[PDB]
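Trainee: Got a structure for you, written out below as structure tokens; questions coming shortly.
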Amino acid sequence: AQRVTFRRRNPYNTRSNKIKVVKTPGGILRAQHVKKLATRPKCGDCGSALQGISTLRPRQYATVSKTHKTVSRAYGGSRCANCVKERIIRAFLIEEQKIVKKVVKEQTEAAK
Amino acid sequence: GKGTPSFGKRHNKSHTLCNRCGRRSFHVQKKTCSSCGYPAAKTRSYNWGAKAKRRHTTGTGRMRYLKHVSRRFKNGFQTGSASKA
Amino acid sequence: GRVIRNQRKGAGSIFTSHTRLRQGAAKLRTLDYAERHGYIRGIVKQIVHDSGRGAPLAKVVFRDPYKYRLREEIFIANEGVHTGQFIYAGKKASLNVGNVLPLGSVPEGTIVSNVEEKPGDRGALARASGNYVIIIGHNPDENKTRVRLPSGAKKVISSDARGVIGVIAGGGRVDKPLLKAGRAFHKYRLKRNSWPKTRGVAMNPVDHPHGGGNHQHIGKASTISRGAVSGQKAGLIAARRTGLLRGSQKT
Amino acid sequence: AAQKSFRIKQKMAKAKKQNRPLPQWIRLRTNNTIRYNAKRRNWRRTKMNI
RNA sequence: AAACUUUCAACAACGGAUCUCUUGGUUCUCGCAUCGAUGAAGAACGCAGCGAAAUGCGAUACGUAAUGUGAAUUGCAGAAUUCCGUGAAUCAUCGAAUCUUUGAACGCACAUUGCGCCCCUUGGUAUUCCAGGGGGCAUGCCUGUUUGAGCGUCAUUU
RNA sequence: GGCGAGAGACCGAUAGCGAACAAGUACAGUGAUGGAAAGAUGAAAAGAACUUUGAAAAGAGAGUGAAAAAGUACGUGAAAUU
RNA sequence: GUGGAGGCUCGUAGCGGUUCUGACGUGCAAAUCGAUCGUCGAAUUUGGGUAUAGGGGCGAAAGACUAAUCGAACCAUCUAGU
RNA sequence: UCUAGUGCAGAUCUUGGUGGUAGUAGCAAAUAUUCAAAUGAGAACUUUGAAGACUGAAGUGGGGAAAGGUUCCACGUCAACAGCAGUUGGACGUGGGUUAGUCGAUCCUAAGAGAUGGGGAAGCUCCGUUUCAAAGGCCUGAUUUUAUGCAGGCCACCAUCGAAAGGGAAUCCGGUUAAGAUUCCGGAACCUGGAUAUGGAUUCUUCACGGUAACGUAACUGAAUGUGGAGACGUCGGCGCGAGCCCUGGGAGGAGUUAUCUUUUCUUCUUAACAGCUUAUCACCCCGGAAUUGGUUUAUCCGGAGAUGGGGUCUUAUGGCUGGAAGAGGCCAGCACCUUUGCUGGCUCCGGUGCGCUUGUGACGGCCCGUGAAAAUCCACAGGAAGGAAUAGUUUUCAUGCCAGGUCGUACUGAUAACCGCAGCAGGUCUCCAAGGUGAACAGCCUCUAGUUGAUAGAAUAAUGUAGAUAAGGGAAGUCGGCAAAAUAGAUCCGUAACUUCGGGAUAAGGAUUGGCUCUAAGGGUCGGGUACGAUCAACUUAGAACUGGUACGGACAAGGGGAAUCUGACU
RNA sequence: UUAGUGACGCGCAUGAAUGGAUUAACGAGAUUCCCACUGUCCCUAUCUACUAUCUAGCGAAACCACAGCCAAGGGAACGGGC
RNA sequence: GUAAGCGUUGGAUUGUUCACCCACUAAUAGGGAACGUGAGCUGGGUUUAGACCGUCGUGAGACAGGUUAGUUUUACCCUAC
């Protein structure tokens with residue numbers, strides 16, 4: 001039942017001083033400082049976690065590769081697939097409806 | 001417990017050293033020396049602090065230039081050098 | 001005698017507002033050209049709670065007409081507004097809730113909020129929860145609009161002045177008791193330092209004019225003139241009448 | 001403390017170099033009026049105030 | 001009767017008065033006018049063959065150079081060619097220099113011996129990156145130079 | 001005040017400048033500020049070789065010195081007190 | 001039955017400081033010691049940083065606190081105040 | 001003769017010194033010391049050994065922040081200090097000692113402080129911090145008198161300071177010293193910045209393919225500008241999962257006990273940072289089309305806005321296998337030597353459980369007139385300026401390879417002796433780790449690892465004291481007053497008044513039981529069934545019955561006195 | 001029973017947000033009574049530890065005109081001195 | 001009358017002295033000693049500071065007007081014993 005120490009000079013239990021006990025090849029315990037955990041990236045539209053993206057801290061998001069941070073789709077690691085689908089549909093449909101508004105005003109103004 | 005235990009609670013320096021006077025009078029939260037007036041341009045003095053003046057005035061130091069000033073006035077502020085009579 | 005609390009309150013080292021969690025100042029869009037000649041569409045993206053404020057706010061987003069840019073504004077939300085909601089601001093805009101029409105563009109009996117008394121102040125009167133302004137009538141010649149303000153008062157402002165249509169959200173807030181000094185404590189914890197309140201009549205006479213005596217009592221009267229000075233003004237300033245309200249205000 | 005500043009450490013080193021006794025040849029010299037050190041400083045008794 | 005207490009004296013003690021001294025102080029008089037951006041006053045840290053301080057001094061560090069005297073310094077050690085001599089010496093004088101980090105303090109800062117930009121040059125196979133060395137970048141104002149701005153304004157164009 | 005000179009019916013180390021000395025020092029205080037005490041061996045260290053008792057410090061002798069009734073607790077060496 | 005609220009409650013640490021008008025009272029201590037007590041998930045406790053300076057601040061208000069100092073701090077000077 | 005700082009018993013006089021009191025008060029909290037040896041002149045206290053005890057993991061333990069400054073370690077050493085002692089010491093003297101790309105500062109900004117421009121002020125200086133200001137630098141290059149102008153283009157925040165507990169790029173094991181180490185040695189990694197070559201990839205369809213899709217990949221162009229995310233976040237509750245600890249079974253080793261008993265008691269059986277292959281609740285996709293409504297949580301929410309179901313994609317917290325890595329480390333045995341001293345061998349395995357403890361985390365719920373920082377920094381996306389292949393190009397977010405990584409701090413205590421309280425003061429001063437048993441419990445009691453055995457001692461045992469206890473019979477007559485002490489006390493069962501804001505009162509009141517031993521009963525998990533069961537496994541809880549005892553049993557510790565009424569303030 | 005509680009009320013001098021009246025719950029608030037309990041008491045005794053005590057070592061302070069037996073007298077009307 | 005030899009109470013209420021009742025008793029007499037006795041106690045009252053009520057005062061504040069909470073130091077000296 002060995003008892004251990006913060007392995008540094010900060011003696012308070014803050015978020016940047018999380019420890020984890022670990023058993024070393026000496027048979028003994030030591031405290032092992034653990035970095036804070038990453039929070040998954042979110043879709044800017046719905047505010048939901050998106051998938052196929054690695055979960056990291058934001059300079060490890062530099063050292064990692066394009067494969068981990070992105071998907072093969074338009075609006076890849078930024079927006080959800082379903083939100084993409086939604087805005088695609090919305091684009092197509094209201095463009096068509098703007099065409100329809102245009103031709104309605106056209107025929108009306110031409111008649112009168 | 002306004003006395004002894006509070007003196008026990010007493011451990012954080014209000015004042016630290018100053019780079020113009022070296023006296024441990026530099027209030028950190030104001031950024032001023034209580035003796036020289038740092039970081040002001042002038043030096044802090046008062047004609048009621050006569051002792052203070054006398055303590056911090058000219059001649060309590062090396063006068064690295066000013067002694068030689070009077071020597072040089074005696075010799076008339078001369079340039080050049082000697083001639084090996 | 002000392003300087004008293006109401007006088008210390010104006011230097012305000014501790015009495016300043018606690019202005020950390022506040023999402024920004026809830027001002028209207030600026031009155032540039034599109035508003036005063038046509039209309040313009042933005043979108044309510046998210047409603048949120050402002051600290052110290054019982055009325056929510058609505059992060060609206062517009063587009064810049066002069067640049068590829070997305071100037072986001074902060075509006076005080078009216079009752080009925082929701083996310084994803086198109087907000088139309090301007091002169092030829094349509095009269096539905098959340099829009100920023102002017103008062104010469106609205107008719108009588110219309111219900112508005114977050115109004116300007118001078119165009120270009122970007123938000124004034126009727127900013128709090130549950131409150132609204134009522135339009136009364138017009139004088140388009142000498143373009144002036146009469147309005148009823150929640151006090152019960154009548155004011156006359158430029159019909160070119162703006163205002164959101166509808167009533168501010170968060171209504172019915174003070175219909176509920178707190179029951180608890182702690183609820184009050186947290187409320188003021190986020191607003192400012194005006195809580196708790198001691199009574200001068202329980203103070204000493206160095207500390208307050210009403211203070212002192214071998215009983216808690218005022219002595220002189222608690223109705224003070226407006227021609228009094230700092231340190232004399234503790235009670236009812238310039239009070240025209242007094243006591244319980246026995247009938248109509250007769251305003 | 002441990003986490004200290006260089007000025008502090010500088011003054012401390014100077015203090016440590018001051019905190020030792022007289023030389024006895026100085027006690028031996030001519031016209032000498034010094035018997036002992038009187039600027040002597042011990043951590044238990046008096047603090048530096050730095 | 002001793003012991004003890006008290007008193008007086010002798011000698012010894014505690015203690016540091018008295019006396020006698022004196023590189024100090026004070027007051028009066030006379031004479032001279034000399035700090036600093038060419039970086040002061042002051043502060044910090046550091047320097048000696050062997051020093052903590054005082055006094056002196058600044059990585060050329062109890063001092064260098066130059067001048068004059070003329071053979072010491074001294075607690076110890078050492079040094080001697082330095083003694084009929086371009087030459088001892090904690091010497092005197094002092095006109096050339098060095099003048100750490102700071103400070104009116106002046107690249108921006110400062111509870112950090114923190115962070116930059118430019119020029120020259122060297123190395124690392126480098127206009128860009130790194131390091132080293134040398135030199136530099138404060139503000140206000142004056143005169144002047146250059147580059148300017150403004151239908152403020154003039155002329156002259158076709 | 002600063003620099004340099006001379007003088008006194010002045011004080012003579014509890015006096016006279018706070019400071020005759022390593023004094024604006026040690027020291028105190030968060031800090032502004034406060035702020036001491038402390039002079040004298042002998043002409044010259046000749047500052048006590050050597051012996052002995054003692055664990056040693058020191059003592060007793062010896063010896064230096066004109067004088068240890070001058071031994072760095074040092075000129076003389078009052079009183080209180082012993 | 002489930003669930004697990006509450007400026008709920010018992011009661012540790014913790015914060016406090018009722019009573020013994022106990023000990024001590026030329027002390028361990030210029031406010032302590034012991035028991036007994038209050039409260040203990042909140043108007044909680046608290047470190048660091050920060051703002052507020054003397055007729056001024058701060059005060060859930062006792063004229064309380066503002067460096068063992070408060071019905072107006074401390075330092076120096078006016079001041080050898082009368 | 002002159003001149004004064006000219007004569008002291010006093011001034012709660014000033015300064016210094018000295019006494020009687022007086023060898024006196026007193027050196028008494030913190031459970032506690034003893035025997036021998038050695039040293040030394042000398043030992044109640046120093047050192048060692050043996051014994052007896054304590055703190056008893058919310059500790060007298062191990063490490064730190066503030067502060068302190070060299071106290072750290074060693075050698076010598078005792079004149080003064082350690083209110084006795086002293087051969088010892090945080091003392092005296094002389095020395096030695098703190099090694100960083102990865103830990104922090106440095107960077108960021110918070111509350112806030114504070115120049116500039118400007119404005120006030122006799123003026124020291126005040127206001128204000130984007131302000132009524134002409135407030136600047138970022139990229140491609142173009143030339144090849146040539147360095148950097150000119151060609152353009154871009155943008156308009158518009159100082160700086162402010163946290164060694166907030167945010168934040170990156171390091172671990174073993175070993176090593178008198179004293180240092182996430183720093184040094186060995187080994188094994190990672191990050192930033194800057195260079196650069198090869199491989200790999202891609203292209204004659206010029207800037208990749210597969211997948212219905214969720215999405216996958218060793219890579220697989222993309223400027224200006226713009227959008228979005230991370231950084232970035234409360235508190236409590238219970239549930240799940242994980243790590244470490246605890247408990248435990250077998251087995252391989254050593255030690256202990258052994259009149260008797262004990263397949264027994266104790267102990268070692270460990271595996272880091274990083275990398276690879278895999279692994280999740282949530283979530284998402286496809287097929288499909290639900291009522292006789294169904295799925296499902298401890299907690300009741302979800303579903304034609306497409307449930308259940310079948311199949312599948314992801315996040316890698318987290319675990320597992322491998323590498324790192326057994327070569328280390330640990331436990332043992334054997335053979336050697338003044339000695340530097342080793343040398344050689346083996347083992348280092350496989351499991352189980354749980355409302356357990358601590359902690360981290362996930363998905364939910366609850367609370368709010370409370371909805372619980374910012375900035376730096378990083379990434380992605382939209383967009384399409386621009387630039388490029390074929391006898392050869394393009395790429396350096398894939399792999400490998402090269403160089404460098406500064407400055408300052410780093411010892412030690414962190415407190416009944418290193419901080420502050422005049423001091424070696426029973427005071428005060430922020431925090432992390434936290435074994436076994438009892439027991440509801442980091443309560444109290446006992447014990448292991450770790451650490452202390454310090455506080456002036458000896459002999460007697462008068463009064464008086466202080467602290468602690470008991471006392472017949474009575475039972476508040478005492479006293480201002482039931483002050484103080486006493487009784488009560490945990491748990492299970494029963495029973496529970498008035499009044500009431502209907503929530504409480506209420507542990508109301510008031511009663512019974514409680515040990516040990518031997519038994520019984522009930523309450524669970526995993527597996528098995530053509531298209532009713534049975535086998536195995538393992539826990540603590542509740543109820544009951546006999547037997548028994550000098551009627552004892554919450555046996556020590558721990559642990560409420562209650563009720564009827566009034567004045568008063570609503571409460572916390 | 002000068003207490004307490006309920007009642008009465010020409011109330012020195014009650015009284016309405018100077019808030020009045022009441023009030024469940026709460027209270028280290030103040031007060032009275034009852035049950036239990038007891039060394040509070042009748043009425044005191046005994047035990048324990050550390051002290052005091054004696055000793056070794058260490059070793060202060062307050063205070064001090066001089067000091068220290070009484071009665072009465074007178075006296076500044078209460079003396080250790082006369 | 002001689003006589004101070006000997007004794008002269010327990011309690012309810014009140015801070016009480018004083019008083020007023022219950023009861024026993026042989027009796028329940030009065031007084032002094034710095035209105036005995038605080039380095040002997042206690043601290044209930046009055047009589048600091050907090051606070052409440054009433055009356056008075058414009059007010060601060062007042063009241064032999066009431067109520068509540070509120071630090072009781074030292075002997076080791078001479079004498080006496």
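Chain identifiers are assigned as A, B, and so on, following the order in which chains appear in the structure tokens; residues are numbered from 1 within each chain, and ligands are numbered from 1 in order of appearance.
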Please list as number ranges by chain every residue within 12 Å of residue B:18, counting only C-alpha atoms (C1' of nucleotides) and excluding residues in the same chain fewer than 6 positions away.
Mentor: B: 24-28, 31-39; D: 7, 50; E: 43-44, 102-103, 110-111
Trainee: So which residues touch residue J:25 within 9 Å, counting only C-alpha atoms (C1' of nucleotides), skipping near sequence neighbours fewer than 2 positions away, as number ranges by chain?
Mentor: J: 9, 27-28
Trainee: Report the distance between atom CA of residue A:36 and atom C1' of residue H:108 in Å, rounded to one decimal place.
Mentor: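 Here the two named atoms are 18.3 Å from each other.
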Trainee: At a cut-off of 8 Å, using only C-alpha atoms (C1' of nucleotides), what residues contact residue G:23? Leave out same-chain residues fewer than 3 positions from it and give the result as a list in words.
Mentor: residues 33 and 34 of chain G; 466 of chain H
Trainee: Please produce an output containing N, CA, C and O atoms (P, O5', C5', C4', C3', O3' and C1' of nucleotides) for each residue in the selection, written as a PDB file, in the first residue's frame.
Mentor:
ATOM      1  P     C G  33      -5.344  26.853  21.760  1.00  0.00           P
ATOM      2  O5'   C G  33      -5.176  26.159  23.176  1.00  0.00           O
ATOM      3  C5'   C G  33      -3.990  25.457  23.495  1.00  0.00           C
ATOM      4  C4'   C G  33      -4.127  24.697  24.782  1.00  0.00           C
ATOM      5  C3'   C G  33      -5.357  23.825  24.906  1.00  0.00           C
ATOM      6  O3'   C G  33      -5.232  22.602  24.213  1.00  0.00           O
ATOM      7  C1'   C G  33      -5.104  25.080  26.874  1.00  0.00           C
ATOM      8  P     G G  34      -6.477  22.006  23.397  1.00  0.00           P
ATOM      9  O5'   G G  34      -7.328  21.286  24.521  1.00  0.00           O
ATOM     10  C5'   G G  34      -6.696  20.410  25.434  1.00  0.00           C
ATOM     11  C4'   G G  34      -7.577  20.104  26.615  1.00  0.00           C
ATOM     12  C3'   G G  34      -9.018  19.770  26.294  1.00  0.00           C
ATOM     13  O3'   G G  34      -9.194  18.441  25.845  1.00  0.00           O
ATOM     14  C1'   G G  34      -8.957  21.322  28.059  1.00  0.00           C
TER      15        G G  34
ATOM     16  P     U H 466      -8.571  23.151  42.420  1.00  0.00           P
ATOM     17  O5'   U H 466      -7.970  22.722  41.022  1.00  0.00           O
ATOM     18  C5'   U H 466      -7.324  23.686  40.217  1.00  0.00           C
ATOM     19  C4'   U H 466      -6.586  23.049  39.075  1.00  0.00           C
ATOM     20  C3'   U H 466      -7.327  21.942  38.354  1.00  0.00           C
ATOM     21  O3'   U H 466      -8.270  22.421  37.420  1.00  0.00           O
ATOM     22  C1'   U H 466      -5.152  21.221  38.841  1.00  0.00           C
TER      23        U H 466
END
Trainee: Taking only C-alpha atoms (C1' of nucleotides) into account, which residues of chain D are within 12 Å of chain H, as number ranges by chain?
Mentor: D: 1-17, 19-22, 41-50
Trainee: If we count only C-alpha atoms (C1' of nucleotides), which residues of chain B reach to within 8 Å of chain G? Please list them as a ChimeraX atom specification.
Mentor: /B:1-4,48-49
Trainee: Could the residues in this selection be written to a file with N, CA, C and O atoms, as a PDB file, in the first residue's frame?
Mentor:
ATOM      1  N   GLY B   1      -7.910  37.056  17.944  1.00  0.00           N
ATOM      2  CA  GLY B   1      -6.647  36.621  17.382  1.00  0.00           C
ATOM      3  C   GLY B   1      -6.078  37.619  16.414  1.00  0.00           C
ATOM      4  O   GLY B   1      -5.537  37.270  15.374  1.00  0.00           O
ATOM      5  N   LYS B   2      -6.212  38.885  16.779  1.00  0.00           N
ATOM      6  CA  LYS B   2      -5.689  39.968  15.966  1.00  0.00           C
ATOM      7  C   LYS B   2      -4.185  40.083  16.043  1.00  0.00           C
ATOM      8  O   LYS B   2      -3.593  40.825  15.253  1.00  0.00           O
ATOM      9  N   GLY B   3      -3.558  39.369  16.963  1.00  0.00           N
ATOM     10  CA  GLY B   3      -2.138  39.480  17.157  1.00  0.00           C
ATOM     11  C   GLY B   3      -1.375  38.292  16.629  1.00  0.00           C
ATOM     12  O   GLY B   3      -1.115  38.169  15.428  1.00  0.00           O
ATOM     13  N   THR B   4      -1.041  37.404  17.552  1.00  0.00           N
ATOM     14  CA  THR B   4      -0.107  36.317  17.283  1.00  0.00           C
ATOM     15  C   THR B   4      -0.517  35.425  16.117  1.00  0.00           C
ATOM     16  O   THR B   4       0.288  35.253  15.181  1.00  0.00           O
ATOM     17  N   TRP B  48      10.884  67.937   4.735  1.00  0.00           N
ATOM     18  CA  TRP B  48      10.648  67.433   6.078  1.00  0.00           C
ATOM     19  C   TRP B  48      11.400  66.136   6.323  1.00  0.00           C
ATOM     20  O   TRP B  48      11.615  65.759   7.477  1.00  0.00           O
ATOM     21  N   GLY B  49      11.797  65.450   5.257  1.00  0.00           N
ATOM     22  CA  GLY B  49      12.640  64.279   5.340  1.00  0.00           C
ATOM     23  C   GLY B  49      14.102  64.647   5.229  1.00  0.00           C
ATOM     24  O   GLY B  49      14.825  64.135   4.368  1.00  0.00           O
TER      25      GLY B  49
END
Trainee: Would you compute the distance between atom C1' of residue H:407 and atom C1' of residue H:170? Give it in Å to one decimal.
Mentor: 19.5 Å
Trainee: For stretch 38-45 of chain A, work out the shell of residues within 10 Å, counting only C-alpha atoms (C1' of nucleotides) and skipping chain neighbours fewer than 4 positions away, then give it as a list in words.
Mentor: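 Those residues are residues 49, 50, 51, 53, 54, 55, 56, 57, 58, 69, 75, 76, 77, 78, 79, 80, 81, 83 and 84 of chain A; 45 of chain C; 227, 228, 229, 230, 231, 315, 317, 379 and 380 of chain H.
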Trainee: Identify, on the basis of only C-alpha atoms (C1' of nucleotides), every residue whose closest approach to residue I:46 does not exceed 12 Å; exclude the query and any residue fewer than 5 positions from it along the same chain; express the result as a ChimeraX atom specification.
Mentor: /H:469-471
Trainee: Could those residues be written to a file, using N, CA and C atoms (P, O5', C5', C4', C3', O3' and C1' of nucleotides), as a PDB file, in the first residue's frame?
Mentor:
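Below you can see result.pdb, which holds the result:
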ATOM      1  P     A H 469     -13.883  11.744  34.345  1.00  0.00           P
ATOM      2  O5'   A H 469     -13.904  10.454  35.268  1.00  0.00           O
ATOM      3  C5'   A H 469     -14.115  10.591  36.658  1.00  0.00           C
ATOM      4  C4'   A H 469     -13.904   9.296  37.391  1.00  0.00           C
ATOM      5  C3'   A H 469     -14.988   8.936  38.391  1.00  0.00           C
ATOM      6  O3'   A H 469     -16.130   8.348  37.801  1.00  0.00           O
ATOM      7  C1'   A H 469     -12.908   8.742  39.440  1.00  0.00           C
ATOM      8  P     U H 470     -17.583   8.639  38.411  1.00  0.00           P
ATOM      9  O5'   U H 470     -17.579   7.807  39.763  1.00  0.00           O
ATOM     10  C5'   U H 470     -17.230   6.435  39.745  1.00  0.00           C
ATOM     11  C4'   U H 470     -17.078   5.872  41.129  1.00  0.00           C
ATOM     12  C3'   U H 470     -18.239   6.100  42.072  1.00  0.00           C
ATOM     13  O3'   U H 470     -19.327   5.228  41.834  1.00  0.00           O
ATOM     14  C1'   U H 470     -16.214   6.538  43.196  1.00  0.00           C
ATOM     15  P     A H 471     -20.766   5.560  42.452  1.00  0.00           P
ATOM     16  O5'   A H 471     -20.474   5.731  44.003  1.00  0.00           O
ATOM     17  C5'   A H 471     -21.339   5.162  44.968  1.00  0.00           C
ATOM     18  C4'   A H 471     -20.910   5.497  46.366  1.00  0.00           C
ATOM     19  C3'   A H 471     -21.802   6.450  47.124  1.00  0.00           C
ATOM     20  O3'   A H 471     -22.948   5.829  47.658  1.00  0.00           O
ATOM     21  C1'   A H 471     -19.542   7.046  47.448  1.00  0.00           C
TER      22        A H 471
END
